[PDB]
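Data block for structure_36.tsv (TSV, C-alpha atoms and all ligand atoms):
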```tsv
chain	number	residue	atom	x	y	z
A	2	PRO	CA	0.00	0.00	0.00
A	3	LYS	CA	1.00	3.65	-0.46
A	4	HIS	CA	0.68	5.99	2.53
A	5	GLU	CA	1.19	9.76	2.80
A	6	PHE	CA	2.27	11.54	5.97
A	7	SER	CA	2.61	15.14	7.00
A	8	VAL	CA	6.00	15.63	8.69
A	9	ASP	CA	7.02	19.07	9.89
A	10	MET	CA	10.47	19.40	8.30
A	11	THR	CA	12.14	22.78	7.82
A	12	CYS	CA	15.65	22.19	6.42
A	13	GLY	CA	17.40	19.54	4.35
A	14	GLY	CA	18.90	18.17	7.55
A	15	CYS	CA	15.33	17.51	8.70
A	16	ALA	CA	14.77	15.54	5.49
A	17	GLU	CA	18.01	13.61	6.03
A	18	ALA	CA	16.82	12.62	9.52
A	19	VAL	CA	13.54	11.22	8.15
A	20	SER	CA	15.51	9.33	5.51
A	21	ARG	CA	17.85	7.84	8.14
A	22	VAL	CA	15.07	6.48	10.38
A	23	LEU	CA	13.16	5.09	7.38
A	24	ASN	CA	16.33	3.46	6.06
A	25	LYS	CA	16.84	1.87	9.48
A	26	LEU	CA	13.26	0.53	9.45
A	27	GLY	CA	13.64	-1.16	6.06
A	28	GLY	CA	10.98	-2.60	3.79
A	29	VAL	CA	9.97	0.88	2.54
A	30	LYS	CA	10.02	2.84	-0.71
A	31	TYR	CA	9.72	6.52	0.20
A	32	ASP	CA	9.75	9.98	-1.32
A	33	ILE	CA	10.26	13.16	0.77
A	34	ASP	CA	8.80	16.51	-0.36
A	35	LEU	CA	10.55	19.02	1.88
A	36	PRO	CA	8.84	22.31	0.89
A	37	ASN	CA	5.39	20.71	1.23
A	38	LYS	CA	6.26	18.84	4.46
A	39	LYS	CA	5.06	15.51	3.01
A	40	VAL	CA	6.49	11.98	3.05
A	41	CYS	CA	5.04	9.24	0.80
A	42	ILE	CA	5.79	5.65	1.81
A	43	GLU	CA	5.01	2.48	-0.12
A	44	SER	CA	5.27	-0.42	2.28
A	45	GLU	CA	3.86	-3.68	3.56
A	46	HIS	CA	4.47	-2.33	7.08
A	47	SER	CA	1.29	-1.30	8.85
A	48	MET	CA	0.24	2.34	9.04
A	49	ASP	CA	0.88	2.04	12.80
A	50	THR	CA	4.51	1.00	12.28
A	51	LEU	CA	5.21	3.76	9.76
A	52	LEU	CA	3.58	6.36	12.00
A	53	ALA	CA	5.53	5.18	15.04
A	54	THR	CA	8.80	5.22	13.07
A	55	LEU	CA	8.22	8.80	11.93
A	56	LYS	CA	7.13	10.04	15.37
A	57	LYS	CA	10.31	8.57	16.86
A	58	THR	CA	12.20	11.54	15.30
A	59	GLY	CA	10.47	14.00	17.62
A	60	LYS	CA	8.92	15.81	14.65
A	61	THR	CA	5.21	16.58	14.37
A	62	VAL	CA	3.59	13.82	12.26
A	63	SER	CA	0.08	13.15	10.99
A	64	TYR	CA	-1.60	11.00	8.35
A	65	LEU	CA	-2.68	12.27	4.93
A	66	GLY	CA	-4.25	8.98	3.94
A	67	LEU	CA	-3.82	6.23	1.43
A	68	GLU	CA	-3.08	6.41	-2.30
B	2	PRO	CA	26.08	13.92	35.89
B	3	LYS	CA	26.30	16.45	33.03
B	4	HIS	CA	26.76	14.84	29.60
B	5	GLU	CA	27.72	16.65	26.39
B	6	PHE	CA	26.81	15.51	22.86
B	7	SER	CA	27.46	16.72	19.34
B	8	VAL	CA	24.23	16.61	17.30
B	9	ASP	CA	24.19	17.85	13.69
B	10	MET	CA	21.19	20.21	13.96
B	11	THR	CA	20.90	22.78	11.16
B	12	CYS	CA	17.62	24.62	11.95
B	13	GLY	CA	15.37	25.45	14.88
B	14	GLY	CA	13.05	22.59	13.98
B	15	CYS	CA	16.02	20.22	14.31
B	16	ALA	CA	16.62	21.56	17.83
B	17	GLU	CA	12.96	21.33	18.87
B	18	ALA	CA	12.85	17.69	17.74
B	19	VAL	CA	15.81	16.93	20.01
B	20	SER	CA	13.95	18.55	22.90
B	21	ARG	CA	10.86	16.43	22.27
B	22	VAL	CA	12.63	13.07	22.22
B	23	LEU	CA	14.35	14.10	25.47
B	24	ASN	CA	11.05	15.21	27.01
B	25	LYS	CA	9.69	11.79	26.03
B	26	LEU	CA	12.50	9.98	27.85
B	27	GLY	CA	12.05	12.24	30.89
B	28	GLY	CA	14.32	12.63	33.88
B	29	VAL	CA	16.47	15.16	32.01
B	30	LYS	CA	17.53	18.77	32.28
B	31	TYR	CA	19.04	19.96	29.02
B	32	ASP	CA	20.46	22.85	26.98
B	33	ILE	CA	20.40	22.80	23.17
B	34	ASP	CA	22.85	25.12	21.37
B	35	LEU	CA	21.96	25.30	17.68
B	36	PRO	CA	24.92	27.26	16.17
B	37	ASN	CA	27.46	25.10	18.04
B	38	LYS	CA	25.45	21.85	17.43
B	39	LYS	CA	25.79	20.71	21.01
B	40	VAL	CA	23.31	19.29	23.48
B	41	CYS	CA	24.16	19.22	27.19
B	42	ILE	CA	22.15	16.86	29.39
B	43	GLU	CA	22.03	16.59	33.18
B	44	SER	CA	20.49	13.24	34.06
B	45	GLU	CA	20.79	10.02	36.02
B	46	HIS	CA	20.09	8.04	32.84
B	47	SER	CA	23.10	6.16	31.55
B	48	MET	CA	25.22	7.46	28.71
B	49	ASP	CA	23.89	4.63	26.51
B	50	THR	CA	20.24	5.48	27.19
B	51	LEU	CA	20.86	9.15	26.36
B	52	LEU	CA	22.83	8.25	23.22
B	53	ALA	CA	20.12	5.86	22.00
B	54	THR	CA	17.46	8.48	22.72
B	55	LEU	CA	19.28	11.15	20.70
B	56	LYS	CA	19.87	8.76	17.81
B	57	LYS	CA	16.10	8.30	17.44
B	58	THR	CA	16.06	11.79	15.92
B	59	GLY	CA	17.78	10.32	12.85
B	60	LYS	CA	20.52	12.89	13.36
B	61	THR	CA	24.26	12.25	13.53
B	62	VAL	CA	25.21	12.06	17.22
B	63	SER	CA	28.53	11.70	18.98
B	64	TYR	CA	29.60	11.89	22.62
B	65	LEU	CA	31.80	14.77	23.76
B	66	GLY	CA	32.30	13.93	27.42
B	67	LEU	CA	31.13	14.13	30.95
B	68	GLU	CA	31.34	16.33	34.03
C	1	ZN	ZN	16.17	21.16	10.33
```

Let me see whether you can do it: turn the structure in this file into structure tokens.
Ligand SMILES: [Zn+2]
Amino acid sequence: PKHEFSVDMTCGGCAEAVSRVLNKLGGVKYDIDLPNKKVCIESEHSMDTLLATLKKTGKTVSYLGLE
Amino acid sequence: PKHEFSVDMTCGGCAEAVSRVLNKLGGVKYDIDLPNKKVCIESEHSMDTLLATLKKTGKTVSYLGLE
């Protein structure tokens, strides 16, 4: 499935941090849109797991839905 | 014990995210210095707990020392 998240990133270092935690999770194909504060993740991992992984960063995260 | 870490923060959002993962751990008093990319932490938590907590940001972290 393909999920979209809102993630409050401000600089390219913020985007790098999201990339690093998602790399560490594994089993994801992701695309980070820094100026629109959006992260799109294609994964077999549950929405819960993706959301928990993103919130681990200490950034503000919410769910923009499927597809 | 007062621990000192290097954390590669490059914007104020990077710094706030550090403060939220530390708030989540709890039992910490801290100072985050953005231009010098340093986080000082007074805590009874072990060095390894603090290090692991900071690494959840997805940022590059290293240990500077202890007082
Ligand atoms: Zn940043």

Hand me chain A as it sits after a least-squares fit onto chain B over every Cα, paired in order, written as a short mmCIF file (atom, residue, chain, number, x, y, z; two decimals) with C-alpha atoms, in the coordinates of the input.
```
data_model
loop_
_atom_site.label_atom_id
_atom_site.label_comp_id
_atom_site.auth_asym_id
_atom_site.auth_seq_id
_atom_site.Cartn_x
_atom_site.Cartn_y
_atom_site.Cartn_z
CA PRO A 2 26.06 13.44 35.98
CA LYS A 3 26.36 16.02 33.19
CA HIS A 4 26.95 14.76 29.64
CA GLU A 5 27.64 16.67 26.41
CA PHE A 6 26.70 15.42 22.95
CA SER A 7 27.38 16.58 19.44
CA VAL A 8 24.10 16.56 17.48
CA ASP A 9 24.06 17.71 13.87
CA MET A 10 21.20 20.22 13.95
CA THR A 11 20.79 22.89 11.27
CA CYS A 12 17.54 24.79 11.95
CA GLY A 13 15.38 25.60 14.96
CA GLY A 14 13.04 22.81 13.90
CA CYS A 15 15.99 20.44 14.37
CA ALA A 16 16.38 21.79 17.91
CA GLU A 17 12.65 21.36 18.56
CA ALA A 18 12.90 17.70 17.50
CA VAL A 19 15.73 17.04 19.98
CA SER A 20 13.70 18.76 22.68
CA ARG A 21 10.62 16.63 21.91
CA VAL A 22 12.43 13.27 22.15
CA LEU A 23 14.24 14.33 25.34
CA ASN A 24 10.96 15.52 26.86
CA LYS A 25 9.44 12.13 26.02
CA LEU A 26 12.36 10.34 27.71
CA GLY A 27 11.99 12.27 30.98
CA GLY A 28 14.37 12.50 33.91
CA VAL A 29 16.63 14.99 32.06
CA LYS A 30 17.72 18.61 32.41
CA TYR A 31 19.03 19.71 29.02
CA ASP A 32 20.35 22.73 27.17
CA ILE A 33 20.57 22.89 23.34
CA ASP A 34 23.18 25.08 21.61
CA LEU A 35 22.00 25.15 18.00
CA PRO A 36 24.81 27.12 16.28
CA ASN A 37 27.47 24.94 17.94
CA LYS A 38 25.55 21.67 17.38
CA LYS A 39 25.83 20.71 21.07
CA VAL A 40 23.36 19.28 23.59
CA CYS A 41 24.18 19.19 27.33
CA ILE A 42 22.18 16.75 29.44
CA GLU A 43 22.19 16.39 33.22
CA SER A 44 20.64 13.05 34.06
CA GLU A 45 20.71 9.90 36.13
CA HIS A 46 20.03 7.99 32.89
CA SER A 47 23.05 6.13 31.59
CA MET A 48 25.17 7.55 28.78
CA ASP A 49 23.89 4.61 26.70
CA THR A 50 20.24 5.61 27.20
CA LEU A 51 20.87 9.27 26.37
CA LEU A 52 22.87 8.34 23.28
CA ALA A 53 20.20 5.92 22.09
CA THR A 54 17.46 8.52 22.65
CA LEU A 55 19.33 11.11 20.59
CA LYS A 56 20.21 8.69 17.78
CA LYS A 57 16.53 7.73 17.52
CA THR A 58 15.97 11.11 15.76
CA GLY A 59 18.01 10.01 12.75
CA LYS A 60 20.50 12.83 13.33
CA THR A 61 24.26 12.29 13.53
CA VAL A 62 25.22 12.02 17.23
CA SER A 63 28.48 11.59 19.11
CA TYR A 64 29.77 12.04 22.65
CA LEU A 65 31.72 15.08 23.84
CA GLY A 66 32.29 13.66 27.30
CA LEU A 67 31.40 14.36 30.87
CA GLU A 68 31.35 17.65 32.79
#
```

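The nearest approach to residue 17 of chain A among the residues A:29, A:62, A:52, A:35, with all atoms listed in the file taken into account, belongs to A:35.
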
Query raised in the report: If we count all atoms listed in the file, which residues of chain A reach to within 9 Å of chain B? Please list them as a PyMOL selection string.
Result: chain A and resi 9-15+17-23+57-61

Query raised in the report: Excluding same-chain residues fewer than 6 positions from residue 41 of chain B, what lies within 7 Å of it counting only C-alpha atoms, as number ranges by chain?
Result: B: 3-6, 31-33

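Take atom CA of residue 8 of chain A and atom CA of residue 46 of chain A: the distance between them is 18.1 Å.
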
Query raised in the report: Any idea what the distance is between atom ZN of ligand ZN 1 (chain C) and atom CA of residue 63 of chain B?
Result: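 If I compute the distance from atom ZN of ligand ZN 1 (chain C) to atom CA of residue 63 of chain B, I get 17.8 Å.
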
Requested in this report: Could you please determine the separation between atom CA of residue 40 of chain B and atom CA of residue 50 of chain A in Å, to one decimal place?
Outcome: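 Here the two named atoms are 28.5 Å from each other.
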
**Report entry** Protein, DNA and RNA residues within 6 Å of (1.3, -4.6, 2.0), all atoms listed in the file, as an MDAnalysis selection string
**Finding:** chainID A and resid 2 44:45

Please, could you write that set of residues out with C-alpha atoms as a CSV table (one decimal), in the coordinates of the input?
```
chain,number,residue,atom,x,y,z
A,2,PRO,CA,0.0,0.0,0.0
A,44,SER,CA,5.3,-0.4,2.3
A,45,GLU,CA,3.9,-3.7,3.6
```

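Using all atoms listed in the file, the smallest distance between any of A:38, A:67, A:43, A:53 and ligand ZN 1 (chain C) comes from A:38.
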
Please rebuild segment 24-57 of chain A with N, CA and C atoms and return the result as an mmCIF file, in the coordinates of the input.
```cif
data_model
loop_
_atom_site.group_PDB
_atom_site.id
_atom_site.type_symbol
_atom_site.label_atom_id
_atom_site.label_comp_id
_atom_site.auth_asym_id
_atom_site.auth_seq_id
_atom_site.Cartn_x
_atom_site.Cartn_y
_atom_site.Cartn_z
ATOM 1 N N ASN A 24 15.326 4.435 6.472
ATOM 2 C CA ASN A 24 16.330 3.460 6.060
ATOM 3 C C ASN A 24 16.511 2.384 7.130
ATOM 4 N N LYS A 25 16.616 2.805 8.388
ATOM 5 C CA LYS A 25 16.840 1.870 9.480
ATOM 6 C C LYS A 25 15.654 0.926 9.657
ATOM 7 N N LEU A 26 14.434 1.403 9.390
ATOM 8 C CA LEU A 26 13.260 0.530 9.450
ATOM 9 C C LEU A 26 13.328 -0.567 8.393
ATOM 10 N N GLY A 27 13.614 -0.200 7.148
ATOM 11 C CA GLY A 27 13.640 -1.160 6.060
ATOM 12 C C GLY A 27 12.256 -1.491 5.534
ATOM 13 N N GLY A 28 12.237 -2.188 4.396
ATOM 14 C CA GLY A 28 10.980 -2.600 3.790
ATOM 15 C C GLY A 28 10.103 -1.456 3.314
ATOM 16 N N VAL A 29 10.704 -0.320 2.948
ATOM 17 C CA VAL A 29 9.970 0.880 2.540
ATOM 18 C C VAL A 29 10.535 1.409 1.226
ATOM 19 N N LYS A 30 9.651 1.954 0.391
ATOM 20 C CA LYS A 30 10.020 2.840 -0.710
ATOM 21 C C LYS A 30 9.405 4.207 -0.421
ATOM 22 N N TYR A 31 10.235 5.238 -0.273
ATOM 23 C CA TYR A 31 9.720 6.520 0.200
ATOM 24 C C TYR A 31 10.231 7.682 -0.636
ATOM 25 N N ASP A 32 9.501 8.791 -0.518
ATOM 26 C CA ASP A 32 9.750 9.980 -1.320
ATOM 27 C C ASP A 32 9.428 11.184 -0.431
ATOM 28 N N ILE A 33 10.393 12.082 -0.214
ATOM 29 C CA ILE A 33 10.260 13.160 0.770
ATOM 30 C C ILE A 33 10.142 14.488 0.037
ATOM 31 N N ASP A 34 9.038 15.203 0.261
ATOM 32 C CA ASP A 34 8.800 16.510 -0.360
ATOM 33 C C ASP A 34 8.990 17.588 0.699
ATOM 34 N N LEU A 35 10.209 18.117 0.781
ATOM 35 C CA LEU A 35 10.550 19.020 1.880
ATOM 36 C C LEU A 35 9.710 20.285 1.890
ATOM 37 N N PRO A 36 9.600 21.050 0.801
ATOM 38 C CA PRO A 36 8.840 22.310 0.890
ATOM 39 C C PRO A 36 7.370 22.113 1.199
ATOM 40 N N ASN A 37 6.786 20.955 0.894
ATOM 41 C CA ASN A 37 5.390 20.710 1.230
ATOM 42 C C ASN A 37 5.217 19.883 2.495
ATOM 43 N N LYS A 38 6.310 19.533 3.168
ATOM 44 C CA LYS A 38 6.260 18.840 4.460
ATOM 45 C C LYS A 38 5.486 17.532 4.352
ATOM 46 N N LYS A 39 5.761 16.761 3.289
ATOM 47 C CA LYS A 39 5.060 15.510 3.010
ATOM 48 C C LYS A 39 6.056 14.379 2.799
ATOM 49 N N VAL A 40 5.691 13.182 3.258
ATOM 50 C CA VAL A 40 6.490 11.980 3.050
ATOM 51 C C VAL A 40 5.546 10.884 2.558
ATOM 52 N N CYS A 41 5.850 10.304 1.392
ATOM 53 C CA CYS A 41 5.040 9.240 0.800
ATOM 54 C C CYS A 41 5.792 7.921 0.902
ATOM 55 N N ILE A 42 5.149 6.916 1.492
ATOM 56 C CA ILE A 42 5.790 5.650 1.810
ATOM 57 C C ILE A 42 4.976 4.513 1.217
ATOM 58 N N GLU A 43 5.615 3.700 0.390
ATOM 59 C CA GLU A 43 5.010 2.480 -0.120
ATOM 60 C C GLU A 43 5.597 1.319 0.674
ATOM 61 N N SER A 44 4.739 0.569 1.359
ATOM 62 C CA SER A 44 5.270 -0.420 2.280
ATOM 63 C C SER A 44 4.220 -1.469 2.590
ATOM 64 N N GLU A 45 4.699 -2.665 2.944
ATOM 65 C CA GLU A 45 3.860 -3.680 3.560
ATOM 66 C C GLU A 45 3.733 -3.503 5.067
ATOM 67 N N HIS A 46 4.601 -2.686 5.673
ATOM 68 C CA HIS A 46 4.470 -2.330 7.080
ATOM 69 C C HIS A 46 3.124 -1.655 7.338
ATOM 70 N N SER A 47 2.582 -1.880 8.529
ATOM 71 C CA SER A 47 1.290 -1.300 8.850
ATOM 72 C C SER A 47 1.415 0.217 8.985
ATOM 73 N N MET A 48 0.292 0.903 8.774
ATOM 74 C CA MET A 48 0.240 2.340 9.040
ATOM 75 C C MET A 48 0.774 2.650 10.437
ATOM 76 N N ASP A 49 0.431 1.813 11.427
ATOM 77 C CA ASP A 49 0.880 2.040 12.800
ATOM 78 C C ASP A 49 2.398 2.049 12.895
ATOM 79 N N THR A 50 3.050 1.107 12.213
ATOM 80 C CA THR A 50 4.510 1.000 12.280
ATOM 81 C C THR A 50 5.172 2.204 11.625
ATOM 82 N N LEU A 51 4.688 2.582 10.443
ATOM 83 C CA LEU A 51 5.210 3.760 9.760
ATOM 84 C C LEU A 51 5.026 5.004 10.623
ATOM 85 N N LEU A 52 3.829 5.184 11.177
ATOM 86 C CA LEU A 52 3.580 6.360 12.000
ATOM 87 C C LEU A 52 4.484 6.366 13.224
ATOM 88 N N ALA A 53 4.664 5.208 13.867
ATOM 89 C CA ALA A 53 5.530 5.180 15.040
ATOM 90 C C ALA A 53 6.974 5.493 14.659
ATOM 91 N N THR A 54 7.439 4.953 13.527
ATOM 92 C CA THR A 54 8.800 5.220 13.070
ATOM 93 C C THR A 54 9.037 6.706 12.827
ATOM 94 N N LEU A 55 8.075 7.374 12.193
ATOM 95 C CA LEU A 55 8.220 8.800 11.930
ATOM 96 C C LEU A 55 8.174 9.611 13.223
ATOM 97 N N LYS A 56 7.276 9.255 14.151
ATOM 98 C CA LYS A 56 7.130 10.040 15.370
ATOM 99 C C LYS A 56 8.322 9.883 16.294
ATOM 100 N N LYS A 57 9.086 8.812 16.097
ATOM 101 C CA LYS A 57 10.310 8.570 16.860
ATOM 102 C C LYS A 57 11.285 9.745 16.740
#
```
